$ cat data_1.txt   # compact mmCIF, N, CA, C and O atoms and all ligand atoms
# COMPACT_ATOMS: atom_id res chain seq x y z
N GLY A 1 18.19 12.53 128.23
CA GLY A 1 17.03 12.13 127.37
C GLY A 1 15.58 12.40 127.84
O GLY A 1 15.06 11.75 128.74
N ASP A 2 14.91 13.42 127.34
CA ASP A 2 13.59 13.81 127.90
C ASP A 2 12.36 13.25 127.18
O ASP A 2 12.03 13.81 126.14
N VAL A 3 11.70 12.24 127.71
CA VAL A 3 10.61 11.51 127.06
C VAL A 3 9.36 12.34 126.72
O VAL A 3 8.72 12.13 125.68
N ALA A 4 9.12 13.42 127.45
CA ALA A 4 8.02 14.33 127.05
C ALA A 4 8.40 15.20 125.83
O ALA A 4 7.59 15.45 124.94
N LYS A 5 9.62 15.60 125.74
CA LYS A 5 9.91 16.39 124.54
C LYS A 5 10.08 15.53 123.29
O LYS A 5 9.66 15.96 122.22
N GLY A 6 10.73 14.39 123.42
CA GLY A 6 10.79 13.41 122.36
C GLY A 6 9.41 13.00 121.87
O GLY A 6 9.18 12.82 120.67
N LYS A 7 8.46 12.92 122.76
CA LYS A 7 7.05 12.60 122.33
C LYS A 7 6.42 13.64 121.39
O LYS A 7 5.79 13.30 120.39
N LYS A 8 6.75 14.90 121.68
CA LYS A 8 6.31 16.04 120.91
C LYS A 8 6.94 16.07 119.51
O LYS A 8 6.20 16.28 118.52
N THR A 9 8.21 15.72 119.52
CA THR A 9 8.92 15.54 118.24
C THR A 9 8.29 14.46 117.40
O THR A 9 8.37 14.56 116.18
N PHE A 10 8.03 13.35 118.07
CA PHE A 10 7.53 12.22 117.33
C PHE A 10 6.23 12.68 116.67
O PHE A 10 5.97 12.28 115.53
N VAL A 11 5.35 13.32 117.47
CA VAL A 11 4.03 13.62 116.87
C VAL A 11 4.18 14.62 115.75
O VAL A 11 3.62 14.42 114.67
N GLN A 12 5.16 15.51 115.94
CA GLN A 12 5.50 16.58 114.95
C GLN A 12 6.03 15.95 113.66
O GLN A 12 5.60 16.29 112.54
N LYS A 13 7.10 15.21 113.85
CA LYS A 13 7.96 14.74 112.76
C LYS A 13 7.75 13.33 112.24
O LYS A 13 8.17 13.06 111.12
N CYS A 14 7.20 12.41 113.02
CA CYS A 14 7.23 11.00 112.59
C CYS A 14 5.84 10.40 112.43
O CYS A 14 5.68 9.36 111.77
N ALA A 15 4.97 10.88 113.25
CA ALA A 15 3.66 10.22 113.39
C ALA A 15 2.82 10.13 112.13
O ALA A 15 1.93 9.27 112.06
N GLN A 16 3.15 10.97 111.19
CA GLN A 16 2.40 10.90 109.93
C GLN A 16 2.61 9.55 109.24
O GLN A 16 1.87 9.14 108.35
N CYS A 17 3.76 8.96 109.53
CA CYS A 17 4.16 7.81 108.76
C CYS A 17 4.32 6.61 109.66
O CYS A 17 4.46 5.50 109.14
N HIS A 18 4.21 6.83 110.95
CA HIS A 18 4.52 5.68 111.81
C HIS A 18 3.55 5.57 112.96
O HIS A 18 3.29 6.60 113.58
N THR A 19 3.40 4.36 113.45
CA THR A 19 2.76 4.18 114.79
C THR A 19 3.74 3.47 115.70
O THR A 19 4.78 2.99 115.20
N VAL A 20 3.48 3.53 117.03
CA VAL A 20 4.45 2.88 117.92
C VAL A 20 3.89 1.71 118.72
O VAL A 20 4.66 1.05 119.43
N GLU A 21 2.60 1.67 118.83
CA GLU A 21 2.03 0.82 119.82
C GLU A 21 1.94 -0.63 119.34
O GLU A 21 2.09 -0.97 118.17
N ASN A 22 1.88 -1.48 120.31
CA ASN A 22 1.75 -2.93 120.13
C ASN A 22 0.44 -3.22 119.38
O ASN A 22 -0.65 -2.85 119.81
N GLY A 23 0.54 -3.78 118.21
CA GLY A 23 -0.77 -3.92 117.53
C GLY A 23 -0.93 -2.94 116.38
O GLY A 23 -1.80 -3.14 115.52
N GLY A 24 -0.13 -1.86 116.48
CA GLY A 24 -0.29 -0.63 115.71
C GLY A 24 -0.12 -0.93 114.25
O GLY A 24 0.43 -1.97 113.87
N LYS A 25 -0.76 -0.13 113.49
CA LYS A 25 -0.86 -0.38 112.07
C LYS A 25 0.40 0.11 111.39
O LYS A 25 0.98 1.14 111.80
N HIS A 26 0.68 -0.52 110.27
CA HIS A 26 1.69 0.08 109.40
C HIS A 26 1.02 1.18 108.59
O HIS A 26 -0.14 1.02 108.19
N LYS A 27 1.65 2.36 108.56
CA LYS A 27 1.10 3.50 107.81
C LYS A 27 1.94 3.65 106.54
O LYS A 27 2.32 2.61 106.01
N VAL A 28 2.42 4.81 106.16
CA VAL A 28 3.49 4.85 105.14
C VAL A 28 4.73 4.01 105.54
O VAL A 28 5.31 3.28 104.73
N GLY A 29 5.09 4.06 106.80
CA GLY A 29 6.19 3.31 107.33
C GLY A 29 5.63 2.29 108.31
O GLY A 29 4.47 2.32 108.69
N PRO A 30 6.49 1.42 108.71
CA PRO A 30 6.14 0.30 109.58
C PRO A 30 5.74 0.80 110.97
O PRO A 30 6.40 1.67 111.53
N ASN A 31 4.96 0.02 111.67
CA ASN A 31 4.89 0.22 113.09
C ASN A 31 6.23 -0.15 113.77
O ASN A 31 7.04 -0.90 113.22
N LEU A 32 6.54 0.52 114.86
CA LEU A 32 7.88 0.45 115.44
C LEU A 32 7.89 -0.25 116.79
O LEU A 32 8.94 -0.33 117.42
N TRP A 33 6.81 -0.92 117.11
CA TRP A 33 6.83 -1.71 118.37
C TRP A 33 7.87 -2.82 118.28
O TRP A 33 7.98 -3.43 117.23
N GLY A 34 8.77 -2.90 119.26
CA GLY A 34 9.74 -3.97 119.24
C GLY A 34 11.15 -3.53 118.91
O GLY A 34 12.03 -4.37 118.69
N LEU A 35 11.17 -2.35 118.45
CA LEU A 35 12.25 -1.99 117.51
C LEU A 35 13.63 -2.06 118.16
O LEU A 35 14.64 -2.31 117.49
N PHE A 36 13.66 -1.73 119.46
CA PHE A 36 15.02 -1.83 120.07
C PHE A 36 15.53 -3.28 120.16
O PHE A 36 14.85 -4.16 120.65
N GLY A 37 16.77 -3.53 119.82
CA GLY A 37 17.25 -4.87 120.07
C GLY A 37 16.98 -5.78 118.89
O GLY A 37 17.58 -6.84 118.88
N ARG A 38 16.14 -5.28 117.94
CA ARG A 38 15.86 -5.85 116.58
C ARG A 38 16.80 -5.39 115.47
O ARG A 38 17.20 -4.24 115.44
N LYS A 39 17.06 -6.29 114.57
CA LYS A 39 17.86 -5.96 113.41
C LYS A 39 16.99 -5.11 112.52
O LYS A 39 15.77 -5.15 112.66
N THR A 40 17.62 -4.35 111.63
CA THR A 40 16.80 -3.54 110.74
C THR A 40 15.87 -4.36 109.86
O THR A 40 16.23 -5.49 109.51
N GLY A 41 14.74 -3.77 109.44
CA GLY A 41 13.99 -4.40 108.35
C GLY A 41 13.18 -5.61 108.81
O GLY A 41 12.82 -6.46 108.00
N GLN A 42 12.87 -5.60 110.09
CA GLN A 42 12.29 -6.77 110.75
C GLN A 42 10.84 -6.71 111.25
O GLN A 42 10.40 -7.75 111.75
N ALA A 43 10.09 -5.62 111.05
CA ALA A 43 8.71 -5.64 111.57
C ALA A 43 7.81 -6.48 110.71
O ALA A 43 7.93 -6.49 109.48
N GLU A 44 7.06 -7.30 111.37
CA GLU A 44 6.24 -8.31 110.66
C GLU A 44 5.16 -7.72 109.75
O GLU A 44 4.37 -6.83 110.08
N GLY A 45 5.17 -8.15 108.56
CA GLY A 45 4.03 -7.72 107.79
C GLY A 45 4.36 -6.50 106.95
O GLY A 45 3.51 -6.09 106.17
N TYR A 46 5.48 -5.84 107.21
CA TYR A 46 5.81 -4.63 106.43
C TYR A 46 6.59 -4.99 105.17
O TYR A 46 7.54 -5.77 105.29
N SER A 47 6.39 -4.33 104.05
CA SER A 47 7.31 -4.50 102.91
C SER A 47 8.41 -3.46 102.85
O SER A 47 8.20 -2.38 102.34
N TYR A 48 9.62 -3.81 103.34
CA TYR A 48 10.71 -2.84 103.31
C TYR A 48 11.41 -2.87 101.97
O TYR A 48 11.43 -3.90 101.30
N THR A 49 12.21 -1.87 101.77
CA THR A 49 13.12 -1.92 100.68
C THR A 49 14.22 -2.94 100.99
O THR A 49 14.50 -3.28 102.13
N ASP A 50 14.84 -3.40 100.00
CA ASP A 50 15.94 -4.32 100.19
C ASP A 50 17.10 -3.66 100.92
O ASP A 50 17.75 -4.38 101.65
N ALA A 51 17.11 -2.33 100.98
CA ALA A 51 18.17 -1.62 101.73
C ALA A 51 17.96 -1.69 103.24
O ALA A 51 18.89 -2.00 104.01
N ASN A 52 16.72 -1.44 103.62
CA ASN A 52 16.46 -1.37 105.04
C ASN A 52 16.48 -2.78 105.59
O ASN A 52 16.88 -2.99 106.74
N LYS A 53 16.12 -3.72 104.69
CA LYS A 53 16.25 -5.11 105.13
C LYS A 53 17.69 -5.56 105.30
O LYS A 53 17.97 -6.28 106.25
N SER A 54 18.56 -5.19 104.37
CA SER A 54 19.92 -5.76 104.39
C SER A 54 21.03 -5.05 105.14
O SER A 54 22.13 -5.63 105.26
N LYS A 55 20.70 -3.91 105.73
CA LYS A 55 21.68 -3.09 106.52
C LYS A 55 22.39 -3.90 107.59
O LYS A 55 23.63 -3.95 107.64
N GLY A 56 21.57 -4.66 108.27
CA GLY A 56 22.09 -5.77 109.09
C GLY A 56 22.57 -5.40 110.47
O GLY A 56 23.29 -6.22 111.06
N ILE A 57 22.30 -4.16 110.88
CA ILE A 57 22.82 -3.73 112.18
C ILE A 57 21.68 -3.82 113.20
O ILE A 57 20.54 -3.95 112.77
N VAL A 58 21.95 -3.81 114.49
CA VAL A 58 20.82 -3.80 115.45
C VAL A 58 20.50 -2.40 115.93
O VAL A 58 21.38 -1.57 116.18
N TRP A 59 19.22 -2.13 115.97
CA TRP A 59 18.74 -0.87 116.54
C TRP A 59 18.93 -0.70 118.05
O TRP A 59 18.51 -1.49 118.89
N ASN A 60 19.73 0.23 118.38
CA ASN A 60 19.89 0.46 119.80
C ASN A 60 20.04 1.98 119.88
O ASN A 60 20.08 2.57 118.79
N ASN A 61 20.27 2.57 121.07
CA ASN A 61 20.61 4.02 121.18
C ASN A 61 21.63 4.50 120.17
O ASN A 61 21.38 5.46 119.44
N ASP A 62 22.75 3.84 120.11
CA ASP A 62 23.81 4.43 119.30
C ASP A 62 23.43 4.44 117.80
O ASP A 62 23.62 5.44 117.06
N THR A 63 22.85 3.34 117.39
CA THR A 63 22.65 3.30 115.93
C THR A 63 21.47 4.14 115.49
O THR A 63 21.53 4.74 114.42
N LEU A 64 20.47 4.25 116.35
CA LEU A 64 19.29 5.15 116.08
C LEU A 64 19.64 6.63 116.07
O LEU A 64 19.25 7.37 115.14
N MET A 65 20.58 6.97 117.00
CA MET A 65 21.15 8.32 116.99
C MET A 65 21.88 8.67 115.66
O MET A 65 21.65 9.73 115.06
N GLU A 66 22.60 7.74 115.11
CA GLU A 66 23.28 7.99 113.80
C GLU A 66 22.34 8.00 112.60
O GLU A 66 22.32 8.97 111.86
N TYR A 67 21.42 7.07 112.62
CA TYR A 67 20.44 7.02 111.55
C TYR A 67 19.50 8.21 111.51
O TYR A 67 19.13 8.69 110.45
N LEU A 68 19.12 8.69 112.66
CA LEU A 68 18.12 9.72 112.60
C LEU A 68 18.73 11.03 112.10
O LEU A 68 18.00 11.98 111.83
N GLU A 69 20.06 11.16 112.19
CA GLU A 69 20.61 12.45 111.82
C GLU A 69 20.58 12.66 110.32
O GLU A 69 20.25 13.77 109.85
N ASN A 70 20.62 11.47 109.65
CA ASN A 70 20.54 11.43 108.16
C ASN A 70 20.23 10.04 107.64
O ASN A 70 21.11 9.17 107.50
N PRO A 71 18.93 9.77 107.55
CA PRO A 71 18.44 8.43 107.20
C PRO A 71 18.93 7.90 105.85
O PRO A 71 19.34 6.75 105.80
N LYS A 72 18.95 8.74 104.79
CA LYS A 72 19.40 8.25 103.50
C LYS A 72 20.90 7.99 103.38
O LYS A 72 21.29 7.16 102.56
N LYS A 73 21.68 8.56 104.27
CA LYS A 73 23.12 8.32 104.21
C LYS A 73 23.37 7.03 104.97
O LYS A 73 24.24 6.23 104.60
N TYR A 74 22.55 6.78 105.97
CA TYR A 74 22.79 5.52 106.73
C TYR A 74 22.24 4.26 106.07
O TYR A 74 22.78 3.16 106.17
N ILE A 75 21.07 4.43 105.48
CA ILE A 75 20.50 3.43 104.61
C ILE A 75 20.33 3.95 103.19
O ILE A 75 19.20 4.16 102.78
N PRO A 76 21.36 4.06 102.42
CA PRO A 76 21.18 4.42 101.02
C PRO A 76 20.13 3.55 100.29
O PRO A 76 20.16 2.31 100.25
N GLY A 77 19.17 4.18 99.69
CA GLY A 77 18.18 3.31 99.07
C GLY A 77 16.86 3.27 99.82
O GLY A 77 15.88 2.85 99.23
N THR A 78 16.80 3.84 101.02
CA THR A 78 15.56 3.74 101.81
C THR A 78 14.35 4.47 101.19
O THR A 78 14.52 5.45 100.47
N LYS A 79 13.14 3.97 101.42
CA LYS A 79 12.04 4.78 100.93
C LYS A 79 11.45 5.62 102.06
O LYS A 79 10.35 6.18 101.95
N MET A 80 12.25 5.77 103.10
CA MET A 80 11.85 6.71 104.15
C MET A 80 12.41 8.08 103.84
O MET A 80 13.62 8.29 103.88
N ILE A 81 11.52 8.82 103.27
CA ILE A 81 11.94 10.13 102.73
C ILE A 81 11.76 11.26 103.76
O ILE A 81 10.65 11.71 104.05
N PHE A 82 12.84 11.60 104.43
CA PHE A 82 12.74 12.51 105.59
C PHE A 82 14.14 13.05 105.88
O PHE A 82 15.06 12.25 105.85
N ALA A 83 14.35 14.31 106.04
CA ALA A 83 15.78 14.74 106.02
C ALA A 83 16.66 14.38 107.19
O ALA A 83 17.88 14.40 107.03
N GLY A 84 16.07 14.24 108.34
CA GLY A 84 16.88 13.94 109.52
C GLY A 84 16.55 14.93 110.63
O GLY A 84 15.88 15.94 110.37
N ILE A 85 17.04 14.67 111.81
CA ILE A 85 16.95 15.63 112.94
C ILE A 85 18.36 15.99 113.40
O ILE A 85 19.26 15.18 113.58
N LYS A 86 18.71 17.16 113.04
CA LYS A 86 20.15 17.44 112.99
C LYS A 86 20.70 17.65 114.37
O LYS A 86 21.93 17.67 114.51
N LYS A 87 19.80 18.10 115.23
CA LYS A 87 20.24 18.62 116.53
C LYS A 87 20.30 17.43 117.49
O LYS A 87 19.29 16.75 117.68
N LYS A 88 21.45 17.25 118.06
CA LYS A 88 21.74 16.13 118.98
C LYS A 88 20.82 15.94 120.20
O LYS A 88 20.42 14.81 120.53
N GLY A 89 20.39 17.07 120.76
CA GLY A 89 19.46 17.01 121.90
C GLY A 89 18.03 16.55 121.55
O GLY A 89 17.37 15.88 122.35
N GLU A 90 17.55 16.96 120.38
CA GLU A 90 16.23 16.54 119.98
C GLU A 90 16.27 15.06 119.55
O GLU A 90 15.40 14.27 119.88
N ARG A 91 17.42 14.62 119.10
CA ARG A 91 17.56 13.20 118.78
C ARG A 91 17.60 12.23 119.98
O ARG A 91 16.86 11.25 120.01
N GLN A 92 18.30 12.62 121.00
CA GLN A 92 18.29 11.99 122.31
C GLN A 92 16.89 11.93 122.92
O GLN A 92 16.51 10.99 123.64
N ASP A 93 16.25 13.07 122.93
CA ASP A 93 14.97 13.08 123.56
C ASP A 93 14.09 12.16 122.75
O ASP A 93 13.25 11.46 123.32
N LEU A 94 14.26 12.24 121.42
CA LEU A 94 13.33 11.43 120.57
C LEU A 94 13.62 9.93 120.64
O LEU A 94 12.71 9.13 120.91
N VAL A 95 14.91 9.61 120.82
CA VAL A 95 15.30 8.22 121.09
C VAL A 95 14.85 7.77 122.47
O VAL A 95 14.39 6.64 122.64
N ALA A 96 14.92 8.72 123.38
CA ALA A 96 14.50 8.37 124.76
C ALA A 96 13.02 8.09 124.76
O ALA A 96 12.52 7.19 125.43
N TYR A 97 12.27 8.84 123.99
CA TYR A 97 10.87 8.38 123.91
C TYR A 97 10.55 7.06 123.19
O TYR A 97 9.80 6.26 123.75
N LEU A 98 11.13 6.85 122.03
CA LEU A 98 10.90 5.60 121.27
C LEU A 98 11.20 4.41 122.16
O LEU A 98 10.42 3.46 122.20
N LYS A 99 12.19 4.58 123.01
CA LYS A 99 12.62 3.50 123.95
C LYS A 99 11.51 3.13 124.90
O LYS A 99 11.17 1.95 125.11
N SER A 100 10.92 4.21 125.34
CA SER A 100 9.81 4.07 126.24
C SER A 100 8.56 3.50 125.56
O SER A 100 7.73 2.87 126.19
N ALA A 101 8.27 4.00 124.40
CA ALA A 101 6.95 3.75 123.85
C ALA A 101 6.91 2.56 122.92
O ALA A 101 5.80 2.23 122.47
N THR A 102 8.08 1.93 122.68
CA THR A 102 8.10 0.72 121.86
C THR A 102 8.38 -0.58 122.63
O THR A 102 8.47 -1.66 122.02
N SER A 103 8.30 -0.51 123.94
CA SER A 103 8.12 -1.77 124.70
C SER A 103 7.29 -1.53 125.96
O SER A 103 7.22 -2.45 126.77
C1 LIG B 1 7.03 9.39 106.07
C2 LIG B 1 7.26 10.50 105.09
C3 LIG B 1 8.12 9.05 107.05
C4 LIG B 1 8.57 9.93 108.05
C5 LIG B 1 7.96 11.30 108.28
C6 LIG B 1 9.40 9.21 108.87
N1 LIG B 1 9.49 7.95 108.34
FE1 LIG B 1 10.47 6.34 109.35
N2 LIG B 1 10.09 5.17 107.63
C7 LIG B 1 9.27 5.48 106.59
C8 LIG B 1 9.28 4.37 105.70
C9 LIG B 1 8.58 4.29 104.35
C10 LIG B 1 10.18 3.41 106.24
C11 LIG B 1 10.73 2.14 105.61
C12 LIG B 1 12.08 2.47 104.96
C13 LIG B 1 12.48 1.48 103.86
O1 LIG B 1 13.53 1.65 103.24
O2 LIG B 1 11.87 0.34 103.74
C14 LIG B 1 10.58 3.90 107.47
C15 LIG B 1 11.43 3.23 108.35
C16 LIG B 1 11.88 3.66 109.61
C17 LIG B 1 12.69 2.92 110.50
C18 LIG B 1 13.28 1.57 110.21
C19 LIG B 1 12.34 0.44 110.63
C20 LIG B 1 13.05 -0.89 110.61
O3 LIG B 1 12.48 -1.83 111.19
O4 LIG B 1 14.38 -0.87 110.56
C21 LIG B 1 12.74 3.63 111.69
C22 LIG B 1 13.48 3.21 112.96
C23 LIG B 1 12.05 4.82 111.48
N3 LIG B 1 11.55 4.85 110.20
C24 LIG B 1 11.89 5.82 112.40
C25 LIG B 1 11.29 7.05 112.18
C26 LIG B 1 11.28 8.15 113.06
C27 LIG B 1 11.79 8.28 114.48
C28 LIG B 1 10.79 9.23 112.35
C29 LIG B 1 10.54 10.62 112.85
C30 LIG B 1 11.62 11.60 112.81
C31 LIG B 1 10.47 8.81 111.07
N4 LIG B 1 10.75 7.48 111.00
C32 LIG B 1 9.88 9.62 110.11
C33 LIG B 1 8.59 6.69 106.41
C34 LIG B 1 8.73 7.83 107.21
$ encode --input "data_1.txt" --output "structure tokens"
Amino acid sequence: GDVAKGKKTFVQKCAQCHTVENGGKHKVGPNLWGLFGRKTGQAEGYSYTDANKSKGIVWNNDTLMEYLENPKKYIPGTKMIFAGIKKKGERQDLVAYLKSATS
């Protein structure tokens, strides 16, 4: 898991819609501070869809790796409109960074 390459991905692919830092604003999507170890649909102040709220699983390495490959198949109904990151190595690196930058 390479945190410098995952950071590049994030800025490329996610940053338009998300922030990571403590305090960080909700943009199109929620801020993601806290996210590991949290159940889905849990960032304070954000209005999620009832899908992302009710999925009910906890965000950890394994589940973030599955969700990122295809977000709409994992959360049918999500308003996170983004196709996925298909390649396993870029997903690892990108998970390895979120881990770092969200606590
Ligand atoms: C804007 C077009 C987005 C892009 C680009 C990415 N995401 Fe996103 N995301 C967006 C929204 C509107 C939402 C809420 C979904 C809903 O159904 O309510 C989200 C949500 C997430 C979540 C879930 C947060 C929760 O607390 O469970 C995560 C973990 C997440 N998004 C991660 C993420 C990453 C890593 C992205 C880059 C590849 C990414 N998102 C892109 C909108 C958009």
$ residues_around --input "data_1.txt" --residues "segment 49-59 of chain A" --least-positions-apart "4" --cutoff "6 Å" --atoms "only C-alpha atoms" --output "JSON, numbers by chain"
{"A": [36, 37, 38, 39, 40, 41, 63, 77, 78]}
$ residues_near_ligand --input "data_1.txt" --ligand "ligand LIG 1 (chain B)" --cutoff "8 Å" --atoms "all atoms listed in the file" --output "JSON, numbers by chain"
{"A": [9, 10, 11, 12, 13, 14, 15, 16, 17, 18, 27, 28, 29, 30, 31, 32, 33, 34, 35, 38, 39, 40, 41, 42, 43, 44, 46, 47, 48, 49, 50, 51, 52, 53, 57, 59, 64, 67, 68, 75, 76, 77, 78, 79, 80, 81, 82, 83, 84, 85, 94, 95, 98]}
$ atom_distance --input "data_1.txt" --atom1 "atom N of residue 96 of chain A" --atom2 "atom O of residue 20 of chain A"
13.4 Å
$ decode --input "data_1.txt" --residues "segment 43-60 of chain A" --atoms "N, CA, C and O atoms" --output "CSV table (one decimal), in the first residue's frame"
chain,number,residue,atom,x,y,z
A,43,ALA,N,-21.2,10.3,8.7
A,43,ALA,CA,-20.5,11.6,8.9
A,43,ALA,C,-21.5,12.7,9.3
A,43,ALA,O,-22.6,12.7,8.8
A,44,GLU,N,-21.1,13.4,10.4
A,44,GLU,CA,-22.1,14.3,11.0
A,44,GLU,C,-22.4,15.5,10.1
A,44,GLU,O,-21.6,16.2,9.4
A,45,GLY,N,-23.7,15.7,9.9
A,45,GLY,CA,-24.0,16.9,9.2
A,45,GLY,C,-24.2,16.7,7.7
A,45,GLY,O,-24.6,17.6,7.0
A,46,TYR,N,-23.9,15.5,7.2
A,46,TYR,CA,-24.1,15.2,5.8
A,46,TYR,C,-25.5,14.6,5.5
A,46,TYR,O,-25.9,13.7,6.3
A,47,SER,N,-26.1,15.0,4.4
A,47,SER,CA,-27.4,14.3,4.1
A,47,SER,C,-27.1,13.1,3.1
A,47,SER,O,-27.1,13.3,1.9
A,48,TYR,N,-27.1,11.9,3.6
A,48,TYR,CA,-26.8,10.8,2.7
A,48,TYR,C,-28.1,10.3,2.1
A,48,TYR,O,-29.2,10.4,2.7
A,49,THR,N,-28.0,9.5,1.1
A,49,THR,CA,-29.1,8.7,0.6
A,49,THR,C,-29.5,7.7,1.7
A,49,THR,O,-28.7,7.2,2.5
A,50,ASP,N,-30.7,7.2,1.6
A,50,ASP,CA,-31.1,6.1,2.5
A,50,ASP,C,-30.3,4.9,2.2
A,50,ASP,O,-30.1,4.1,3.2
A,51,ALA,N,-29.7,4.8,1.1
A,51,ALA,CA,-28.9,3.6,0.7
A,51,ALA,C,-27.6,3.5,1.5
A,51,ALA,O,-27.2,2.5,2.1
A,52,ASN,N,-26.9,4.7,1.5
A,52,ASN,CA,-25.6,4.7,2.0
A,52,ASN,C,-25.7,4.7,3.5
A,52,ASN,O,-24.9,4.1,4.2
A,53,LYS,N,-26.9,5.3,4.0
A,53,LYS,CA,-27.1,5.1,5.4
A,53,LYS,C,-27.4,3.7,5.9
A,53,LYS,O,-26.9,3.3,6.9
A,54,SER,N,-28.2,3.0,5.1
A,54,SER,CA,-28.7,1.7,5.6
A,54,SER,C,-27.9,0.4,5.3
A,54,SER,O,-28.2,-0.7,5.8
A,55,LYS,N,-26.8,0.6,4.5
A,55,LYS,CA,-25.9,-0.5,4.1
A,55,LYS,C,-25.4,-1.4,5.3
A,55,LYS,O,-25.6,-2.6,5.4
A,56,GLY,N,-25.0,-0.6,6.3
A,56,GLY,CA,-24.9,-1.2,7.7
A,56,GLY,C,-23.6,-1.9,8.0
A,56,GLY,O,-23.6,-2.7,8.9
A,57,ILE,N,-22.6,-1.8,7.0
A,57,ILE,CA,-21.4,-2.5,7.2
A,57,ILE,C,-20.3,-1.5,7.8
A,57,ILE,O,-20.6,-0.3,7.7
A,58,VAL,N,-19.2,-2.0,8.4
A,58,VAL,CA,-18.2,-1.0,8.8
A,58,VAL,C,-17.1,-0.9,7.8
A,58,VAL,O,-16.7,-1.8,7.1
A,59,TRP,N,-16.7,0.4,7.6
A,59,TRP,CA,-15.6,0.7,6.7
A,59,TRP,C,-14.2,0.3,7.2
A,59,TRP,O,-13.8,0.6,8.3
A,60,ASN,N,-13.7,-0.6,6.5
A,60,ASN,CA,-12.3,-1.0,7.0
A,60,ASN,C,-11.6,-1.3,5.6
A,60,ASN,O,-12.3,-1.2,4.6
